[PDB]
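Whatever order the structure lists ligands and atoms in, that order sets their numbers, starting from 1. Every chain is numbered from 1, with letters handed out A, B, ... down the list of sequences. When reading the values below, keep in mind they use all heavy atoms of this one structure, side chains included, and skip hydrogens, waters and symmetry mates.
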Amino acid sequence: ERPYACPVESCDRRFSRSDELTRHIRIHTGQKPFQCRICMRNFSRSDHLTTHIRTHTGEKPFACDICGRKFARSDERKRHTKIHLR
DNA sequence: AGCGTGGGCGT
DNA sequence: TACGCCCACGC
Ligand SMILES: [K+]
Ligand SMILES: [Zn+2]
Ligand SMILES: [Zn+2]
Ligand SMILES: [Zn+2]
């Protein structure tokens, strides 16, 4: 089911999509292709660079349906919304 | 809370 | 392959 395997001796993880294996390899090579223009920190993934930049800009696109409180990431809002339960 | 970052996936 | 979502986990 998951043909693409990690060729690293220490690792044993396997994947179903080659591009996921290609991504995974960066853990071992330590490559971080995506750099924040603001603080020069490097990141392994472009999507994580995007949410990181919001720490600098204060951009918060995700608002709680119940109280309107805003968050930088969707999963932050998700974690928050549940507090309005009983 | 604030956020790094891998997992799985659709496109 | 890249891009960028949700999703989850970790501190
Ligand atoms: K291996
Ligand atoms: Zn590996
Ligand atoms: Zn930065
Ligand atoms: Zn709320």
Side-chain angles (χ1 to χ4, degrees), chain A residues 3-11 14-86:
Chain A
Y4 307 97
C6 185
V8 176
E9 55 280 352
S10 305
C11 196
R14 317 183 92 253
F15 305 94
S16 70
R17 274 172 48 171
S18 64
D19 58 327
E20 190 170 348
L21 175 60
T22 296
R23 185 172 72 185
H24 166 79
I25 291 297
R26 299 202 189 102
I27 297 177
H28 302 299
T29 65
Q31 183 191 24
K32 299 179 179 299
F34 311 100
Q35 188 179 50
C36 175
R37 301 168 53 95
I38 293 156
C39 77
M40 299 300 168
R41 180 170 182 169
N42 304 286
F43 299 87
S44 65
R45 288 166 53 155
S46 61
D47 55 321
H48 290 342
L49 168 61
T50 296
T51 56
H52 161 78
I53 294 172
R54 301 194 180 132
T55 66
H56 297 306
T57 66
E59 185 192 11
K60 300 184 174 187
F62 307 95
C64 176
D65 285 335
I66 304 300
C67 72
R69 181 169 181 173
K70 302 171 172 295
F71 298 92
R73 310 201 316 224
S74 66
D75 61 293
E76 289 175 351
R77 173 180 59 189
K78 175 184 299 183
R79 187 178 67 178
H80 160 87
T81 307
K82 65 174 160 45
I83 76 172
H84 297 294
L85 293 185
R86 72 160 64 189

Where is the tightest heavy-atom contact between A/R45 and A/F34, given as atom of each residue plus distance? C-CD1, 3.5 Å
For A/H24, the N, O or S atom at the shortest distance from the Zn ion (ligand 2) is NE2
Check for a donor-acceptor pair, side chain of A/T55 on one end and backbone N or O of A/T51 on the other, with a separation under 3.5 Å. no
Any N/O/S atom, side chain or main chain, of A/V8 closer to the K ion (ligand 1) than 3.4 Å? yes
Hey, which of A/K82, A/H80, A/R86 is the one that makes side-chain hydrogen bond (donor to acceptor under 3.5 Å, both in side chains) with A/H84? A/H80
Angle in degrees, rounded to 10°, that SG of A/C11 and NE2 of A/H28 form at the Zn ion (ligand 2): 120°
Just to confirm my numbers, could you give the angle made at the Zn ion (ligand 4) by SG of A/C67 and NE2 of A/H80, rounded to 10°? 100°
Mark yes or no for whether A/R54, through its side chain, and A/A72, through its backbone, hold a donor-acceptor pair below 3.5 Å. yes
